[PDB]
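One structure is given here, and the rest of the page talks about it.
Lettering follows sequence order; numbering is per chain, from 1.
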Amino acid sequence: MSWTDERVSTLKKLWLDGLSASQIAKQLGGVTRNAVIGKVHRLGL
DNA sequence: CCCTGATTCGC
DNA sequence: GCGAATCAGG
């Protein structure tokens with residue numbers, strides 16, 4: 001998949017909750033923990 | 001051997 | 001903008 005606005009919203013919610021990158025990756029599907037960390041960085045979190 | 005985030009740069 | 005493959009550890 002791709003970083004749709006929906007998926008980014010989910011990432012932000014879960015990260016702001018303190019879930020780890022691998023946990024978020026598993027919840028989302030379609031991305032690795034690497035992709036999640038990279039997106040967290042580009043979002044400025 | 002399970003796990004954590006951080007970074008570079010080809011794509 | 002994206003994320004594999006490191007980096008740097010717990």
Side-chain angles (χ1 to χ4, degrees), chain A residues 2-45:
Chain A
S2 62
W3 291 109
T4 61
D5 292 349
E6 186 171 354
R7 285 169 59 84
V8 174
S9 184
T10 296
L11 165 66
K12 285 181 189 173
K13 188 246 175 182
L14 295 175
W15 189 256
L16 272 50
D17 280 350
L19 275 72
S20 77
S22 69
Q23 289 289 323
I24 296 176
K26 285 173 180 182
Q27 162 129 9
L28 288 170
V31 286
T32 62
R33 77 181 202 100
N34 304 311
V36 171
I37 297 166
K39 186 55 168 175
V40 163
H41 276 251
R42 288 188 303 275
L43 286 172
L45 312 177

Write down the atom of A/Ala25, the atom of A/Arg33, and the distance for their closest heavy-atom approach.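 Scanning both residues, the minimum pair turns out to be CB-N, 3.7 Å.
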Starting at atom [atom1] of [X], determine the distance to atom [atom2] of [N], rounded to an integer number of angstrom.
X	N	atom1	atom2	result
A/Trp15	B/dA6	CH2	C1'	10 Å
A/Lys26	B/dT4	NZ	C1'	13 Å
A/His41	B/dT4	NE2	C1'	12 Å
A/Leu11	C/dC2	CG	P	11 Å
A/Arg33	C/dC7	CZ	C1'	11 Å
A/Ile37	B/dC3	CD1	P	13 Å
A/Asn34	B/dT4	CG	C1'	12 Å
A/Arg42	C/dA4	CZ	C1'	13 Å

OP1 or OP2 of [N] less than 4.0 angstrom from a side-chain nitrogen or oxygen of [X], does that happen here?
X	N	answer
A/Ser20	B/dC3	no
A/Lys39	C/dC2	yes
A/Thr32	C/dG3	no

Side chain of A/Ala35 - closest among C/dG3, B/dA6, C/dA4: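 Closest nucleotide among those given: C/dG3.
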Among B/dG5, B/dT4, C/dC2, which nucleotide sits nearest the side chain of A/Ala21?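 Minimum distance to the A/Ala21 side chain belongs to B/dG5.
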For A/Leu11, run the side chain to side chain contact (heavy atoms under 4.5 Å, CB included) check against A/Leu16, A/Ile24, A/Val31 and tell me which one passes.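 That would be A/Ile24; it is the only one of A/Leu16, A/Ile24, A/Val31 passing the side chain to side chain contact (heavy atoms under 4.5 Å, CB included) with A/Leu11.
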Between A/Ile37 and A/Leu28, is there shared hydrophobic-cluster membership here, with clusters defined by ILVMFWY side-chain heavy atoms closer than 4.5 Å?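 No; A/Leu28 is not reachable from A/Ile37 via cluster members.
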Separation between OG of A/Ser20 and CH2 of A/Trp15, rounded to the nearest 0.5 Å: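 One finds 7.5 Å between OG of A/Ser20 and CH2 of A/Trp15.
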